[PDB]
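Shown next, in structure tokens, is the structure this report addresses.
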Amino acid sequence: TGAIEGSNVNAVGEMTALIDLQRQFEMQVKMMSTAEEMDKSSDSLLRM
Amino acid sequence: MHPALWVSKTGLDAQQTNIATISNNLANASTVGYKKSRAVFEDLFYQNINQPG
Amino acid sequence: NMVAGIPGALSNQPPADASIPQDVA
Amino acid sequence: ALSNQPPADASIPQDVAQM
Amino acid sequence: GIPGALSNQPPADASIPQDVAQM
Amino acid sequence: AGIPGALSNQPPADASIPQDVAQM
Amino acid sequence: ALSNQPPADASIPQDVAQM
Amino acid sequence: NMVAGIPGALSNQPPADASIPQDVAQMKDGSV
Amino acid sequence: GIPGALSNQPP
Amino acid sequence: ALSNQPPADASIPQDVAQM
Amino acid sequence: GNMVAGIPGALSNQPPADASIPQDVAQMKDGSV
Amino acid sequence: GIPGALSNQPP
Amino acid sequence: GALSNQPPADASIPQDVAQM
Amino acid sequence: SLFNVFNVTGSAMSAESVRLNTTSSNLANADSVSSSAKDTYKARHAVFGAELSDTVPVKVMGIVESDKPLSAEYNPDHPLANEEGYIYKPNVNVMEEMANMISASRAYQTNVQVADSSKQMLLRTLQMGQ
Amino acid sequence: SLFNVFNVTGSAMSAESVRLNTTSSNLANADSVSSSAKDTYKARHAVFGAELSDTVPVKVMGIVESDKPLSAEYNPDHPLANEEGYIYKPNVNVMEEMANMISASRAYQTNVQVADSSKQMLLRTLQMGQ
Amino acid sequence: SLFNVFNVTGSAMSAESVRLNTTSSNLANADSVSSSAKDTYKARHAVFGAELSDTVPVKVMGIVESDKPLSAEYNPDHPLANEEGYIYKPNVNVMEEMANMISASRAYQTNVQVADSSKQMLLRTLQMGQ
Amino acid sequence: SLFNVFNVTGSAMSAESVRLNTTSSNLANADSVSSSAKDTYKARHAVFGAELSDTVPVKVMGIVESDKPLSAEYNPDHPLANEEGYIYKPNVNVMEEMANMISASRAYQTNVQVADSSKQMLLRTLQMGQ
Amino acid sequence: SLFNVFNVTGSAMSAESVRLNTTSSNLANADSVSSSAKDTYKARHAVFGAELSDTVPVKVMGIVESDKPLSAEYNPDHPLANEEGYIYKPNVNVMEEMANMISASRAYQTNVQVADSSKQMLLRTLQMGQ
Amino acid sequence: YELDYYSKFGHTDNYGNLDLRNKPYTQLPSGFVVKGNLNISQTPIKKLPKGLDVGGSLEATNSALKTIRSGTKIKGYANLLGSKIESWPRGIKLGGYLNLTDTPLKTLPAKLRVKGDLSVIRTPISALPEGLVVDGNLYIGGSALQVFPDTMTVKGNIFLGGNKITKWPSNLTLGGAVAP
Amino acid sequence: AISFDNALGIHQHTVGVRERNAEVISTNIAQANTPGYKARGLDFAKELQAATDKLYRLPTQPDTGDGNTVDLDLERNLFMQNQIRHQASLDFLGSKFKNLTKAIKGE
Amino acid sequence: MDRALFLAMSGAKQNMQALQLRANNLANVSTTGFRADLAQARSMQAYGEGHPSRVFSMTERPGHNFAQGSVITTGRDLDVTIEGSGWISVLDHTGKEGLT
Amino acid sequence: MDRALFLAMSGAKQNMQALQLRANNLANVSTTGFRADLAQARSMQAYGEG
């Protein structure tokens, strides 16, 4: 009694999770870009 | 807006009101018969996303 | 007999995402 | 490879035990 | 065939005697 | 109609009803 | 949309009473 | 008629800011 | 003719 | 504006008097 | 042999008061030599 | 040549 | 360019031109 | 009869065109709060269909709204908010709209090649015996 | 058609431009106690709306002012001070304008990609027949 | 006549290049008290013009100085000081010159796009029939 | 018979597509401590094979997980932590998966070039003699 | 005679390359106090010429040192110092070298476009009449 | 509840305009004076206080306002768009226009004078009062009006908007034109 | 019948209108910075009637003291659309003669 | 087209969801009695015919950080904090009992 | 381009002018019989079509 319990959020734990989520997000975006790049190249097969 | 932008903005708005509340308390540090005010924080609504309902 | 559904990104993710309406799926 | 039976649909289960 | 190759079928497991028993 | 409190870009005149906004 | 006469300019007065 | 004036920063100002010369602002209406 | 234009010749 | 006489060089003096 | 000459670029495009170009080279700008 | 021209040979 | 009938020599980059 | 491939490839061109129009509307209305909470814009998606009773044309069977819950935002300042200061926004996901844009454009142009190459086969058929 | 994408995406380009200009006027009037028109400027917001009227363009239906109360500040010696001595300043919130500035720019640029994506599809559709 | 377009875009680029050089001379003379001609430098601004009456080229009709007063500085020991010790400096405003630099560059680059796009139309017309 | 080249390049393109999807799953599951049934994800790798005894097609003969140990992390408060407070995560290495993304894409595109070039050679054989 | 253009643009390619290598020697020897030829380095510069009297090629007629005085530095304990204690350094100015690097590189590239465009006009000339 | 003196201060701008948008106030004190414009849009206010004075314009768009009592002084205009007003009281000193669009208004005061424009668009009003004088533009589009009184005065344009007028005033002098 | 007016349809006039439209959009972009210039729009149906005008564009936003009513976002989109449609008109009108020549020559 | 576009798209979409989950924790640093939410990823293989090369990843909330929060001493009689592990029974506006 | 560039420039320019007025106040703290100058910003809207 006479005290209030705050939150247990570990600020560093969230920040290091953020930077890893950013890098993994960006790497998958590159996978999307190289997927359409391959698709565009494999379109001259029907380009007689 | 991506939802993460607005969720973070709520924290910025919430802390902004906290600063204004603290600033008034320190302003009335010599006011006779003054009672200090504190800002109370609570979490907002929690939403199910991967469920239709 | 028909084969219908939403094409694109809304169907190419696991059903646990639950974006497609049940009737359409 | 050609077959007479239509290919089965993928599952992608959230939990394998639930099935 | 290649040794250690993964399979494209759910992995027979423990709970639900059904898998632990049926080969 | 739509929004109920849209503004009017015409200068205030106090005599003419602004028709710029969807006054319905 | 289009019109058959030029649109008027914009007024930026420091006092709307004098326009 | 010919219409003209200073472009850019000076014209994109409220008239109170008298950056634009008076005679040049006259040209911005019409001329012949 | 822009009234009061600068010139391009030594004053 | 094609002329027949080569344009003169511009001058950037310190004093317009000594020009 | 009526040529025009001078140092191209930054040196020439300064005003003449800078005195960066040699006077001999600077005088081959009017068609001399 | 150029009066102030530099030579490409050793002095 | 200016085609010559004898091969051009290699440039010399001496640290001191006296020792050349 | 003489142009069966054109009717199928052309149907795909019309089908994939609708999916791009739907994607454009979803991205242009991703921040349109509008009014109330049930008239709010929701991400729309075309439904492709194939009736296999030779060639099976692709027919769009109508636009269907997404079942994703609306994105709620706390903003007790917007005059179109509610009791708890929430404005519900369209359930448009930018990442899935970008993927649809890539998928629609590439698939649309793939059918152009098939339709263009189909004409060449018809032109070569006219040269039989010559 | 694919040309409808240009109308839909182009409308969003104008729509996000309206919100950018509204935010610019909010940032420039966050500390303006006085105002021509006898009205203490209040934060303005552009409320987007889907004009369904497949293809759903976005339209600005009008600019709406903020509902937050004006920020009262005790400045008794100011000529605009009331009897109690408080002068009132606009309720512009800096953080939301910066968030609106980011969102408006991000949404504006992603509408350019859709217009570019539809442009390529039309050019390929024209190469058919050549 | 798309060749008239090249004149309009070409005249536009010339007009924007004049404004950039005027901006360059303003930044270089924002702190210049003396001058070759015995008169303090005043901020310069090229005057664009339109002979509207099809294609209306934009023409520069002359450079017009800003009429704002020269910024006086209290420098009593300066050799050029007046009876009260004030030296006068150009009225160049840094913020408005940076906007002109941004505006002149962007307006220059967008006219290149129009000229390049109009060039493609003329080449495509040469292929008509043939 | 250049039609064999089509089989070989087609089998190579199929093999590269399998490798690309394997790389896509590794990048997406490089941070997943859980799994569908009961076993932590391990970096998968397709196995190419050449049945040399003309042309030798390349065939994928199954997916084999990498033998690198799982990267143990100290997350003692995690629900899935073991008796020592360690949780295990997939052994996906970013650098080698990026190289696979580059290598598979460049290998995929060069096989299209061979098939396209081989397609032309068959056509010129048809026109031989006339 | 569009082949004469190749003699003009190509000459500028070499001329702008000399000015770039001249810039590099000035950048690298801006702090060099000694020399192998016993004379302190001075900022070298190329001389362009135009034998105007159709196509006028640009030829470098020789490299000329700058007329600026050497930059003196008070280093009384240096081995190469004079009686007054000063050592002399090359008169290389950083700002003008950067402008030369920007101007020469852009001038080099704008002659590639003319040489490339003049190539196309010759190819179409061969195609005339057929 | 009701607005107090201290609550009034927190809804006033520098030049003295009261803003009560979306605010939960039910009634205003009698003899109320506003330095500038008054805004009671979207308010649960059903009645305006007696002796109300507004130094600017009254804004009650899409509000629950129903009753205005006589003696109210308004220097600017009156905007009661989308409100619940059913009748207009006699003796209102209005310095501007009167916009009554989309209101359940049924009756108007006899010989009413509008110093600006008048709107009865989409209103269930059946007939205009005799001797009506309008100094601006009159919009009756979409309303139930079909017969004009014997004498009326409009100094601007008259817009029918779609409704059919059969009995025109015997004495009418128009400064503008009539539009359907 | 059998006349160029009927053989070419209206595709002979559309190419000209798309050129005029492109000129006007080019004028609007160039005159975007000049104050007092009012953006000019071309009505397509008017040149359709002229085959079988030069209006003003009302701004969506107020000016800033220049009086210039040119929106560069709108002009770029309208120039892109006109250029795409102009190429299609060339394709339509170009194939009119290609079919016409094949009918006459029979080859 | 290759189904790797959607395989990577589905991962990029989920990474955004986990980012938003972490964002709510940082927005709720000062909230009273707030248990931080845990975020992780689950690998769900696409079982079916063909080579097992396609596995999806979706984010989930496995649990919460039930550690003791930072205690603030206010000297107020009506302020209490739970020592160690525990909860307080409260009923919300719906009259439904829930632990706080 | 967009007019928000000049709309913000017209605001940044005035902030510098307001800064000059405050600078004159602090330079005159030691001055005798000096009356401080107040600085305020007026909001003016561009009225017209749109």
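With ideal geometry, Cβ positions are generated from the backbone for all residues, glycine too; neighbour counts draw on all protein chains shown. Since every read-out is calculated from the coordinates, none of them should be taken as a lab result.
See the values below:
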{"read-out": "Qualifying positions in the range T:1-33 - polar (S, T, N, Q) and more than 30 Å from P:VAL56 (Cβ to Cβ)", "value": "T:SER3, T:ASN6"}
{"read-out": "Residues being more than 7 Å from chain O (Cβ to nearest Cβ) and either crowded, with 23+ Cβ neighbours inside 10 Å or basic (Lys, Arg) (or both) - total across the range N:31-47", "value": "6"}
{"read-out": "Residue within the range T:81-104 that is within 30 Å of V:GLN45 (Cα to Cα) and surrounded by 14 or more Cβ atoms within 10 Å (Cβ to Cβ) present", "value": "no"}
{"read-out": "Hits in chain H (condition: more than 14 Å from chain V (Cβ to nearest Cβ), farther than 22 Å from G:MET19 by Cβ and part of a loop (DSSP other than H, G, I, E, B))", "value": "H:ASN1, H:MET2, H:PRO21, H:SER31, H:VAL32"}
{"read-out": "The range N:82-130, residues that are among the hydroxyl-bearing types (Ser, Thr, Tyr) and within 11 Å of chain C (Cβ to nearest Cβ)", "value": "N:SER103"}
{"read-out": "Qualifying positions in the range T:1-23 - over 21 Å from P:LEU123 (Cβ atoms) and either under 11 Å from the mean Cα position of the chain (by Cα) or not aliphatic (A, V, I, L, M) (or both)", "value": "T:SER3, T:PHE4, T:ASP5, T:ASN6, T:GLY9, T:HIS13"}
{"read-out": "Those residues of the range R:89-114 which are buried (at least 17 other Cβ atoms within 10 Å of the Cβ) and not aliphatic (A, V, I, L, M), in sequence order", "value": "R:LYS89, R:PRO90, R:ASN91, R:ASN93, R:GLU96, R:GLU97, R:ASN100, R:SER103, R:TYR108, R:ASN111"}
{"read-out": "Matching residues in the range R:49-105 - criterion: being part of a loop (DSSP other than H, G, I, E, B) and either of a type in the set (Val, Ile, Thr) or under 19 Å from K:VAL4 (Cβ atoms) (or both)", "value": "R:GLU51, R:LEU52, R:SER53, R:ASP54, R:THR55, R:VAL56, R:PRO57, R:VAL92"}
{"read-out": "Filter result (among the aromatic types (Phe, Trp, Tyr) and out of contact with any helix residue (DSSP H, G or I) (no Cβ under 7 Å at 6 or more places or on another chain)) within the range R:6-45", "value": "R:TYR41"}
{"read-out": "Contacts under 7 angstrom Cβ, first residue in the range B:1-14 being within 9 Å of chain U (Cβ to nearest Cβ), partner charged (D, E, K, R), 6 or more apart", "value": "B:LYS9/O:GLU96"}
{"read-out": "Per-region count, the range R:56-84, residues over 11 Å from R:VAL33 (Cα atoms) and either in contact with an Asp or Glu (Cβ under 6 Å, 6 or more places away or on another chain) or surrounded by 13 or more Cβ atoms within 10 Å (Cβ to Cβ) (or both)", "value": "14"}
{"read-out": "Residues satisfying the stated conditions in the range A:1-35, i.e. in a helix (DSSP H, G or I), facing chain U (nearest Cβ under 7 Å) and crowded, with 18+ Cβ neighbours inside 10 Å", "value": "A:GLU14, A:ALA17, A:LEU21, A:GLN24, A:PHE25, A:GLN28, A:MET31, A:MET32, A:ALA35"}
{"read-out": "Wholly enclosed strands (runs of 3 or more DSSP E) of the range U:1-93 bearing at least 2 residues under 30 Å from Q:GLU16 (Cβ atoms), facing another protein chain (nearest Cβ under 7 Å) and not small (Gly, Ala, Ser)", "value": "U:40-45, U:55-60"}
{"read-out": "Failed item, numbered, when P:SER24 is tested on (1) loosely packed, with under 15 Cβ neighbours inside 10 Å; (2) over 10 Å from the mean Cα position of the chain (by Cα); (3) of a type in the set (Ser, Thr, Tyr)", "value": "(2)"}
{"read-out": "Search result, residues across the range N:55-77 that are more than 7 Å from every other protein chain (Cβ to nearest Cβ) and over 30 Å from N:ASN4 (Cα atoms)", "value": "N:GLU65, N:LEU70, N:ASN75, N:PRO76"}
{"read-out": "Matching residues in the range S:60-81 - criterion: being surrounded by fewer than 20 Cβ atoms within 10 Å (Cβ to Cβ) and in a loop (DSSP other than H, G, I, E, B)", "value": "S:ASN62, S:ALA64, S:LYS66, S:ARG69, S:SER70, S:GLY71, S:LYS75"}
{"read-out": "The listed residue being over 13 Å from the mean Cα position of the chain (by Cα), part of a helix (DSSP H, G or I) and closer than 29 Å to O:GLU97 by Cα, out of B:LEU12, B:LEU26", "value": "B:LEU26"}
{"read-out": "Which listed residue, of R:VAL64, R:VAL94, R:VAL58, is within 25 Å of the chain's Cα centre (by Cα) and over 23 Å from L:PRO3 (Cβ atoms)", "value": "R:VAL94"}
{"read-out": "Check on T:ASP91, within 14 Å of chain G (Cβ to nearest Cβ) and either in contact with a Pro (Cβ under 7 Å, 6 or more places away or on another chain) or more than 30 Å from P:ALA107 (Cα to Cα) (or both)", "value": "no"}
{"read-out": "Filtered residues of the range T:47-65 (kept if of a type outside the set (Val, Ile, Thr), in a loop (DSSP other than H, G, I, E, B) and more than 7 Å from every other protein chain (Cβ to nearest Cβ))", "value": "T:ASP53, T:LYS54"}
{"read-out": "Which numbered condition T:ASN33 fails, given (1) within 14 Å of chain G (Cβ to nearest Cβ); (2) not in a helix (DSSP H, G or I)", "value": "(1)"}
{"read-out": "Residues satisfying the stated conditions in the range N:5-27, i.e. over 18 Å from N:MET61 (Cβ atoms) and either more than 7 Å from chain O (Cβ to nearest Cβ) or outside any helix (DSSP H, G or I) (or both)", "value": "N:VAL5, N:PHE6, N:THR9, N:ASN26"}
{"read-out": "Which listed residue, of R:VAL114, R:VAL92, is farther than 19 Å from R:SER14 by Cβ and not polar (S, T, N, Q)", "value": "R:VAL92"}
{"read-out": "Single unsatisfied condition, S:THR43 versus (1) under 18 Å from the mean Cα position of the chain (by Cα); (2) farther than 23 Å from O:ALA72 by Cα; (3) of a type in the set (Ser, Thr, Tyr)", "value": "(2)"}
{"read-out": "Set T:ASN68, T:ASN21, T:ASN28: member being within 14 Å of chain G (Cβ to nearest Cβ), more than 29 Å from H:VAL24 (Cβ to Cβ) and crowded, with 21+ Cβ neighbours inside 10 Å", "value": "T:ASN21"}
{"read-out": "Single condition P:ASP31 does not satisfy, out of (1) in a loop (DSSP other than H, G, I, E, B); (2) more than 27 Å from V:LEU5 (Cα to Cα)", "value": "(2)"}
